[PDB]
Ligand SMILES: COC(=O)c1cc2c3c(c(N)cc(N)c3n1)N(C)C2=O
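Here you get one chain, nothing else, as structure tokens; it is the form solved without the ligand.
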């Protein structure tokens, strides 16, 4: 039984070295330490100092050098007794503060234990090297085991989700976070491989190519949906939910992908040093001479949509080699060579559209002097250039019953062209997903286990509308986690008959969510929509209105002291300041019907599907004319949340250890920022308000019997013995609660009992 055999790879790579005699009697004294910040500006960089003095409301310790400081006991981050080093769940720590959480992750990472639970979360730190814990032999160990029967592992989360799906006949979701480099793509692959292995029905037919197809969808979706931003070279700018589907007997039957919230604005504008979506650079770098000739291609410097940010390449990334991978993936998921060329023609056409330069003609009317870009776009799109030219500068509308051409000026023509580009790109993205699903989903499912990953909580020096949307999505998903943790905690306290009550943790997020999307009183999105109706509004009247409705009236909002154009929102991950510039423009999403009429007549098979398929195209309207971008956003998010609320969720948090791609180098500043952005610290905050440590009575007595007079180590009535120890030590009863089978302790109290044990043993 490898789970008990200290010589197995299960023990070598998934358990703490302790074994039995090793980590258990390695001395210990009576000295206590504290975690502190050597430089107050870097709040996530710590060192360990020795406590020296001790007073009423403060401690006194010597910095790692010898200098001295003091800290209000109310703010001190004490270090846990050595017995707590390496625990498999952060909830087992007694001092539950940020540096202590990092320390435990580090004790484990330094022994190559990359998986650690933190309450409901499975935290997975990229080791930046291969560890042999994904073999068939490891799969067999996890098969059918409960989370508390085995060490932390992505296979444990996967198995529990699979058994719950079968036992409860309920779909499951696995919400996984992590920026590129965190190991999220690899962990998601392990989930899929694990499910294919335990739910495989491979005898006779083999396992086919479904797994391979699901994995190959990645390079395609990343090429069109990921981009370099100032904080990550490969940032996902969309959300995706990959359903691994099963038949009624529990065997894998197929998969499906659904995308959400793609950032279409990036196609037409990118901030300094960022890039447009990777596919544009891949195509220009890897197309063959003949493909460049037929698509009228040139270098990225030659296109307005790729030459404004100052950055066209990524250090260490070959866009040409990445294009090769993208095409190979397209072959595997079934795109014909002709469909692939049509996809590239549309990407080329978007670039040519971006190069059209509208000029003021004789009067205000826009005109096109040089028809080069127009003609190149028309050729690759398979449309009539005269029709496209008129649809761009003289789109017709109905004035009463009369068809009238609105002759646009330069600004409106440029804007319409951009709107056409964003529509083409978004529809193309939906068509790619639909085409991939043509091969992934060929049987009606009975159930599914879906993996969700979306853009992570984002903070830049200057944050705009796109960032508020991304962060609002993250806020809603964190409330979803909080609510589920609440339901699970309610059941644990009730099962133990613990005398402590609490309300739905999801309510802690309501103030921020209401600030953003409330309707009554109206939140930010509602006031942005209100300000998008009349021409009297400006970005300045918009922020004045936000300050008027929320400054000093909503605790989660801040009118900054020294900026007239930013407003602050306190999210679970901290405060984010948002710049209002251009929000009114960004909320408008109209597309001229004459442009759709133009493209509906394309001679290209894929272009016609983007404009004739009522699903990919159109949507509806609003009994009016068009839904704002904020209303579209809110609706896609609501659709995603409704899907999640039908499932039983599981949460995985993948972490980058450092930003140098170096193994064995866990950095606190880098790790703590991610734990803050991914909700782990929010889970810890909640955990600290209750009773995190829960100890079976007999185990408490076995360890602490010596701290009280005449209490047998193996006392027959473990509850009375536990009470005798607590009463003799004069523990404040508010710091613990007796349960039917375990004693519950508030943060810090068990560490103090452990410290008393260490002291008593050294005395003896």
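Residue numbers count along the first chain shown, from 1.
Below, we turn to the form solved in complex with the ligand, even though it does not appear here.
Contact with the ligand in the bound PDB entry, defined as any heavy atom within 4.5 Å, is confined among 521 to 529, 500 to 508, 564 to 572, 283 to 291 to 521 to 529. Taking non-hydrogen atoms only, residue 92 never approaches the ligand to within 4.5 angstroms in the bound PDB entry. Put simply, residue 220 is far from the ligand in the bound PDB entry: not one heavy atom of it is within 4.5 Å. Contact between residue 560 and the ligand in the bound PDB entry is not found at the 4.5 Å heavy atom cutoff. By the criterion of a heavy atom within 4.5 Å, residue 138 is excluded from the residues contacting the ligand in the bound PDB entry. Between the options 437, 554, 355, 247, the residue in contact with the ligand in the bound PDB entry by a heavy atom within 4.5 angstroms is 554. Checked against the ligand in the bound PDB entry, the candidates 107, 423, 210, 546 yield a single residue with a heavy atom inside 4.5 Å, and that residue is 423.
Of the residues in 594 to 615, only 596 comes within 4.5 Å of the ligand in the bound PDB entry through at least one heavy atom.
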